[PDB]
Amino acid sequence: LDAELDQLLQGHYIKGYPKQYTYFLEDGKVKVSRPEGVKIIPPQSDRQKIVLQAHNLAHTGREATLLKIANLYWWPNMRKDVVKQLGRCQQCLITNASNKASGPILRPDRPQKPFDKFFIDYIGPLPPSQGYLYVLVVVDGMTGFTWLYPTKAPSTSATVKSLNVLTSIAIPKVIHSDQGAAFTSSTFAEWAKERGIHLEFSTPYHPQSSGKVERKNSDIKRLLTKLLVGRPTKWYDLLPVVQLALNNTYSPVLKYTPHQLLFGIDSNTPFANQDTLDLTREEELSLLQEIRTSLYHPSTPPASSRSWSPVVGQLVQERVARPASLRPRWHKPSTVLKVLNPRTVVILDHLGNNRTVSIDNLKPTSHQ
């Protein structure tokens, strides 16, 4: 306040105020003749108020706030005071966008065996077809082999029915799904515990985590659309056709079809491969075990030049799931409890709960 500015007027050096400038009094205010013009030096005790008034005009960031202040004032290290206020404006913290990208995606290992891990998801609502509106899609992680079930709703009950049919063939170690209501119910949890199946859930609002099945959903819809061109959208009867067609389609990068990865030999479908015609089944199965272990696996791509990776203790904010009109897109800051992997974290959330959350649904809180 006055002490600092008093010593200044009588020409004694205060750290932060360059000595080469002439500090005077005028109209009751301490002033300074600076290259850009004459500015007022407010007392220290006034500065927070000033920064806040300037910031609050339009809730501006660092430079746009500074530029307002600099019109009338000069003092040492103004930006440090601006940033301090930026870091405390609740309204800015929860409304502004991030300008840091998430760190590069993980490419988790392909499950080692068929039936190690299923990925399941719903597609729909679709145009009504025989009273059906949805498809349960079940994709085996190792093979890509896919099962399709028409349903009337994306319910637990229709999931259970379909999976009772599917698991007639084999029981998977793990079923991975997103947090759809169908999959997160206690009825579905019981259904799986009864069978020794572990349920694994995606972080919330992050369909990339179910990417294996989401990507198959694309192929399913794309083929259905093609087969329905210029006809009414009677898709129900094409599910079996699409299922078989996709299960026998080559992945160009793998040089195998999902059917081949599951069975190691084509069934009686068109253009069946015949290379192992002279092998015994055991020789065939032995080649299959080899084929399975040496499939192409992609690697984590380069980070973008301005990504961030989460650190224990960091303040971060979770994206608001379905933000109302004219409401913030971000929750209040919360703390990273645990870094599960570089793309997944436990945070101590906006209430008081632990939440496991994708980094794609977080921003690091700005201004420390």
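Note that residue numbering begins at 1 and tracks the sequence as displayed.
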Mean Cα B-factor comparison, 119-127 or 274-282, giving the higher one as deposited: 274-282
Selected stretch [higher average CA B-factor]: 47-55 or 34-42: 34-42
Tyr256 - which third its CA temperature factor falls in, relative to the rest of the chain: lowest
Position of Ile291 among the chain's modelled residues by C-alpha B-factor, lowest, middle or highest third: highest
Among modelled residues of the same chain, the CA temperature factor third for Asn361: lowest
Modelled-residue ranking by C-alpha temperature factor, third containing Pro328: lowest
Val311 by Cα B-factor - lowest, middle or highest third of the modelled chain: highest
